[PDB]
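In structure tokens, one chain follows: the form deposited in one PDB entry.
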């Protein structure tokens, strides 16, 4: 319908141009002014089309910047502000839906594309071919601009233009609710955090990592098994996650890992230390060093893992 609105203004402008030339005096100077307003209005309307097109072709980053510029013009654009209450009402309603469709689209791409989370499994895929046209999207690039545009410094910015510039209160809430769920599930990985917490170091809860498909699998299932399951989580974080997400999960789970791994080993030292050399003891050693590498790779500073305490225990 933007195309139709562009067409109506073009026809008004053309009929006015003809009316003016038909005249050819202070009645001429106002029609020429009126014409320039319609010309500027045309340009304004083309920006709304730009937003829609960028959403359509999945230039999602550009769409945001297109919208940002539009909302500034809705504030200050002389041609726009010369339009009627009825006109602006219809514009606002439509632009509100564009805010909503944009963020709804990001949620879909995240929920139905990059991540596949079920009752018993977490799969991550770092690229997607999205929609009817199978547009290639890379996760790193995608989430870089998403975090930048919508969640700078990691939280929902409720006083930022993207929410604040929304016209109607109900649409604004819809945009806010969607962005909140995105922040929770995809900036903070809340479902992933809970799943890992609820299964690690629990007897009879098994965890495996399928590295080729990139799936962390939780299933119904001894000391080695608890360890191989915790190691699957470590492998998933080291080798399976994007940089951003390894950092976030290491920040959130690190202190739990340090305390829960150390106590498990201490409490099961006798079996672990039964032989001089064993696969069991080897596995404990490998996990201990994987925790060291996880702290380093994730670049967090809220926990450390020298490996020292456990390296000493195995001696």
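Residue numbers count along the first chain shown, from 1. We call the rigid core whatever largest set of C-alpha positions still superposes within 1.5 Å between the two forms.
In what follows, reference is made to the form deposited in another entry, a form of this protein that is not presented.
Novice: Given a cut-off of 2 Å on Cα movement between this form and the one not shown, rigid core as reference, pick the single residue from 238, 137, 100, 117 that exceeds or meets it.
Specialist: With the rigid core superposed, the residue that stands out is 100.
Novice: Examine residue 33 after superposing the rigid core and state whether its CA is displaced by 2 Å or more between this form and the one not shown.
Specialist: Where the cores coincide, residue 33 still shows a C-alpha shift between this form and the one not shown that is 2 Å or more.
Novice: After superposing the rigid core, is the C-alpha displacement of residue 210 2 Å or more between this form and the one not shown?
Specialist: Residue 210 C-alpha, core-superposed: shift of less than 2 Å.
Novice: Tell me, please, whether between this form and the one not shown the C-alpha of residue 201 is shifted by 2 Å or more, with the rigid core used for superposition.
Specialist: It does not reach a 2 Å shift.
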